[PDB]
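Take a look at this single chain in structure tokens; it is the form deposited in one PDB entry.
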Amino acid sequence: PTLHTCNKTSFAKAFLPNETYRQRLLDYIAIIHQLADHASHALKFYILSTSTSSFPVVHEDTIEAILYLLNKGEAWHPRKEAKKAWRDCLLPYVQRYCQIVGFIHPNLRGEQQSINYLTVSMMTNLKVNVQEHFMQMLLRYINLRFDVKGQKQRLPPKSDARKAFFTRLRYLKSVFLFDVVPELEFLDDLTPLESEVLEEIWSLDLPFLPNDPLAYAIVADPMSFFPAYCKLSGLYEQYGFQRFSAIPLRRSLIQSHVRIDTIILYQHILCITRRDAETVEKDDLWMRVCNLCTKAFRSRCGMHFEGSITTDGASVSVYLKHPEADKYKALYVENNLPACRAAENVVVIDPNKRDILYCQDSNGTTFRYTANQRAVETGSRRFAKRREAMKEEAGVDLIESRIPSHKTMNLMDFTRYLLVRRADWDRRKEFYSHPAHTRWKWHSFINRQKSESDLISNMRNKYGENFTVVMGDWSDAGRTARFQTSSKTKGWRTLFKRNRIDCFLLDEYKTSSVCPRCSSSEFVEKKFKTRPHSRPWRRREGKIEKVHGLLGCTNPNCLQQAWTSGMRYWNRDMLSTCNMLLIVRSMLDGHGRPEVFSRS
């Protein structure tokens, strides 16, 4: 819910021009960054070591113990019985990890706050990674082992004879996923390939709630599947499949944002005793370090700054906390017709890859937001070219290209990764210490914010200050197709919500396959024009590209005798938007979706 919000600002503006305080901030975050970096690797190192006998039950204490051992080492003297047990178990491995990596204990004082944030954040990473991807990888494992891609090509489609494999797969999947209890009558008929897959999944020992499906169990207790997820990665490595990061690692050497709260502020920045700070208000204590009078720290929507920020030496994120905090199908236009009628103007958007947004209204005013426009305004490609050139000058590209894979689940393989990373850590650390790397992150945010701000401003001047957006439901969220490039599809819904612009979803079925002029898909033609490939590397290779954004209608009524082409050309994005307006117009009038676009 709307209980927290953030306002990013630059390091110079956020903090007062005090050299001493600023230097302490940079030094403190650097130490915390190192602890987080090695802690994540140390956690994986411990898991890969103890997995030979018994898989550890990773818990918040496990991550906390690793962080404390890296900082204090044997000097850490926890009083809780549970934490003490982890200290003894983990101490031998942390010392061994330090020797391999050469890390020296910072012995930082008053790190309790930093450890808690890192422990909670890192523990959250374990839950989310397993929660949202255990099913994905397991299903992918089944397909790769059976080579479903090979079977599809080898076995002709739409043939009753070959339907047995897909029907066979369902029975196999149910047994593997424990949806159906295995029985002798079926196991005897398993082919050797199927039998091998059965044993491998059984070795994973998937937790399974008898009263709920497997998917529900993952959501209910995702961490219970962590032992299986790590062991699943081993199968990928064994068979050469594309490995996945079972255990998250903070590999990046660039300055990562470190949360700084009131407790950390006085202990490290002001360097004053706890009693001295307790006698001063939290807001007053911050004013001696940060310029709270600036725009970022001002309250919004009843949310006030509560002495919690994250900084990385170039940008500062200011968090506003609501007092009511925890203290540590409906979006479719069909269900929102009354709102659309009262809307001053309705704009239909057809998302695409090159044309991220293609907007049209009843007046026919066309507006688009292209990927090239975003790249130039955002400067991502400009930064990418500069970043690549800078690496070549420093020679770091040759170093990073040969780093052993960190996704390996083998102790020996992971040890090589640490040794290689340690071998050139100094040179790469110096290269990444340059302000440019952090500035690009901050400059990218400014450029991205301005680019979106101009988009809204341009749209408002194009269609009006207040308008309703009916955006197509198409989106490749998290599943970008091969080739092409990443594009913003579902993020525009949030952006419109932020700008108080109503956003509604509309089905795109047959929106790009019906001619609006005649409302018929019988005479619509596609993929009829061909030209040399637009991609320069493909063009030199001699490959040819087929025009996709150009459509045409051969219906005689849409034709004119003067044309030698014989078809009324239509732009794909323009054609889709026009059809959407027809769909919206019919729905508003109460006639529902046109039968031509019906899925029926």
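What we label the rigid core is the largest C-alpha set whose atoms superpose within 1.5 Å from one form to the other. Residue indices: 1-based, along the sequence shown.
**Student:** Note how many residues of the deposited chain are left out of the model between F483 and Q484; the options are none, 1 to 3, 4 to 9, and 10 or more.
**Tutor:** Gap between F483 and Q484: none.
Another form, the form deposited in another entry, is not on view; read the next lines as being about it.
**Student:** After superposing the two forms on their rigid core, pick out the one entry in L91, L155, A82, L411 with a CA shift of 2 Å or more between this form and the one not shown.
**Tutor:** Spelled out, the residue whose C-alpha shifts by 2 Å or more is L155.
**Student:** After core superposition, I'd like to know whether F178 moves between this form and the one not shown (criterion: C-alpha shift of 2 angstroms or more).
**Tutor:** Yes, the C-alpha position differs by at least 2 Å between this form and the one not shown.
**Student:** Quick check on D476: with the core superposed, does its CA move 2 angstroms or more between this form and the one not shown?
**Tutor:** Moves: yes, 2 Å or greater.
**Student:** Any chance the CA of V396 moves 2 angstroms or more between this form and the one not shown, core superposed?
**Tutor:** Comparing the forms between this form and the one not shown, which are aligned on their rigid core, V396 does not shift its C-alpha by 2 Å or more.
**Student:** Are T480 and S252 closer or farther apart at their Cα atoms in the other entry than shown, with the shift being 3 Å or more?
**Tutor:** It is farther: the C-alpha separation of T480 and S252 rises by at least 3 Å in the other entry.
**Student:** If the CA atoms of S486 and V396 move by 3 Å or more in the other entry, do they move toward each other or away, so closer or farther than here?
**Tutor:** Compared with the form shown here, the C-alpha atoms of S486 and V396 sit farther apart in the other entry, by 3 Å or more.
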